[PDB]
Amino acid sequence: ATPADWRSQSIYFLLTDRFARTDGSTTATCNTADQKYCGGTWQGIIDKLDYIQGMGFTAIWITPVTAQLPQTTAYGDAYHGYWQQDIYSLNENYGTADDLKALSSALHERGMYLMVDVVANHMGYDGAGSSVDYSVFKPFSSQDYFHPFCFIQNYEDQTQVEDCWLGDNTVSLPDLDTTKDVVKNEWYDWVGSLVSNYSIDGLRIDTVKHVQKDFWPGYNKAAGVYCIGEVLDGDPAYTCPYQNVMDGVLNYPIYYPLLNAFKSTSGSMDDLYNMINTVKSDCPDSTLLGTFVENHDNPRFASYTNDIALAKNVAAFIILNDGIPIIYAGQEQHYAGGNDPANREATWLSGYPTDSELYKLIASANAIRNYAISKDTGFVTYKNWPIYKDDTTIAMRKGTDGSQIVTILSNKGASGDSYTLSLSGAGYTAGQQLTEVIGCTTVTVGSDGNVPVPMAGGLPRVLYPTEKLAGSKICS
Ligand SMILES: C[C@H]1O[C@H](O[C@H]2[C@H](O)[C@@H](O)[C@@H](O[C@@H]3C(CO)=C[C@H](N[C@H]4[C@H](O)[C@@H](O)[C@@H](O[C@H]5[C@H](O)[C@@H](O)[C@@H](O[C@H]6[C@H](O)[C@@H](O)[C@H](O)O[C@@H]6C)O[C@@H]5CO)O[C@@H]4C)[C@H](O)[C@H]3O)O[C@@H]2CO)[C@H](O)[C@@H](O)[C@@H]1O
Ligand SMILES: [Ca+2]
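Scoring rules and cut-offs
- Residues numbered from 1 in each chain as written, not as in the entry; some residues may be left out.
- Chains lettered and ligands numbered in written order.
- Heavy atoms only, no water.
- Donors = N, O, S within 2.8 Å, 3.2 Å for Na, K, Ca; no water.
- Helix = DSSP H or I, 4+ residues; strand = E, 2+ residues; numbered from the N terminus.
- Buried < 20%, exposed > 50% of the residue type's maximum accessible area, 1.4 Å probe, protein only.
- Disulfide = S-S within 2.5 Å.
- UniProt positions renumbered as here; feature names shortened; annotations may be inferred.
- Contact = heavy atoms within 4.5 Å.

Caption draft 1: Here's a closer look at the coordination of the calcium ion (ligand 2). In this structure, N121 (OD1), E162 (O), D175 (OD), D175 (OD) and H210 (O) serve as the protein donors to the calcium ion (ligand 2), at separations of 2.5 Å. Positions of the donor residues of the calcium ion (ligand 2), expressed as sequence spacing, correspond to N-x40-E-x12-D-x34-H. Taken together, the residues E162 in helix α6 (residues 158-163) and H210 in the loop between β9 (202-205) and α8 (216-223) connect sequence positions 48 residues apart. Residue classification places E162 among the buried positions, given a relative accessible area of 16%. Look at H210 and you get buried, because its relative accessible area is 7%.

Caption draft 2: The state of the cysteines, seen in detail. Throughout the structure, instances matching the rule amount to four disulfides. Between the sulfur atoms of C150 and its disulfide mate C164 the distance is 2.1 Å. The sign of the S-S torsion, about -95 degrees, decides the handedness of the disulfide formed by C150 and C164: left-handed. Here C164 lies in the loop between α6 and β7 (166-167) and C150 lies in the loop between β6 (125-126) and α6, a separation of 14 residues in the sequence. Of the residues examined, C150 reaches a relative accessible area of 24% and is grouped as partly exposed. Bonded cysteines in the protein chain are paired 1-2, 3-4, 5-6, 7-8 when counted in the order they occur along the chain.

Caption draft 3: Broad picture of the UniProt feature "binding site: Ca(2+) 2" in the protein chain. With numbering aligned to this structure, UniProt lists the feature "binding site: Ca(2+) 2" at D206 and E230. Spatially, the listed residues are clustered: although they cover 25 residues, their C-alpha atoms lie within 5.3 Å of one another. Tracing the chain through its elements places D206 in the loop between β9 and α8. The contacts of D206, once residues within four sequence positions are left out, are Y82, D117, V118, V119, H122 and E230. Inspection of the secondary structure assignment puts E230 in the loop between β10 (226-229) and α9 (236-239). Owing to a relative accessible area of 8%, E230 belongs among the buried residues under this scheme.

Caption draft 4: Quick look at the environment of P386. Tracing the backbone through its elements, the reader meets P386 in strand β14 (residues 385-390). For the pair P386 and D98, spaced 288 residues apart in sequence, the C-alpha to C-alpha distance is 47 Å. Excluding its chain neighbours within four sequence positions, the residues that come into contact with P386 are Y273, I276, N277, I394, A395 and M396.

What follows is the structure, given as structure tokens:
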């Protein structure tokens, strides 16, 4: 599917090994500290598609599918999919080629998209860099396809970052020489084939800053579908420019300020407001970035604060910001694991309750987003604009004038006092009735165009014109 098609989607990101088993168990042991395969499979994802769609997601991102190193290393099994050895075969721990195909067609039947994570930067090996046996890799069976062994000592030296090896002496990640034409040619041919064989709709590309920029334009074109890249860097002057060589990138620039604003009642709304504006002006297209606050490489939000009102607000931001929303499986169940491996918890242990607090908030936020784009073909290309901020509040506006959504977010927390915010700048007309779509109550615009928003419990408030909800099932 193209970049234009993808602007309207919302993604549920999951680790195949940790989401759902074929036997549907909700109590099978999965101690994250063991770093072993816990048993998730592609068939299990199919069985729980109602759980996922019920939150209003239109797509899923799944970790890498290729066959991995077989060993249990000192860092555990390659359950996460990032240590490949044979790119022409699939990881059998998750099922067969037919299962993968079954998945794509079960998604498509429901009007949903499939996004697959891919690695071009490196392969994986159980042992020290000097001792690698290149004959185990397929098809790159020789040391001549790879860069000479070196580890990345200085992450500020771009040359080292691209030409030296990620990993270490325990689990080493042999780095492909992506400047060689044989390497380019093989990867360009594989990526088009993988996409056509499994009917994939879009790709998440790992380790993009570790491969020279000029490789990417031809990979994105060979893939023929939207590519969103992982560039792990918080500086918009470093990451955004990658949008000149690939459709989109993950929004790490917004991640830092967003987490800092909501992880405590003293978080800064100023840093978040300024970064929204910077990304808006300085990235080639903000509407093609992926917004997130949790993933498998950082502590979960609840490891920072167990306050449920702060978790509601950060989740509302993610769905309603510019770009594509991305929630990480377990976020909706309020999971609190710390750094890898503790943030790779098995979703099934939660029992998949559809009446959890964040499951409901997410469902309501995705519901208004999905309905609005149904009615306003400009919603996805209108650039989100922060219209107000104070020490504990930020409010934003997105959507064509007359149909705009106005979202009011707070970091006061679950103890927050009850008061009335008089919000200016919303753009609605005098006397207009508005529905607050999270708690389903109504508010009326004052005669001077200001909106009297009832604040309490640190809850987020999402406003939309009552007349426009006509015929919808929202707040019915
Ligand atoms: C040492 C670890 O080794 C393995 O760790 C695994 C991991 O479990 C697996 O998931 C995969 O890991 C994946 C890989 C490798 O295929 C890459 C992508 N993620 C990578 C980035 O592609 C890379 O750039 C670097 O990312 C660096 C970044 O390049 C550097 O700039 C700084 O990032 C800065 C950023 O520059 C700055 O702006 C901001 O303020 O601070 C952050 C810390 O640190 C980051 C690491 O924390 O590491 C990330 C984990 C993926 O999302 C990630 O899941 O492989 C690694 C390496 O074997 C073990 O399993 C772990 O238990 C063990 O603790
Ligand atoms: Ca490299």
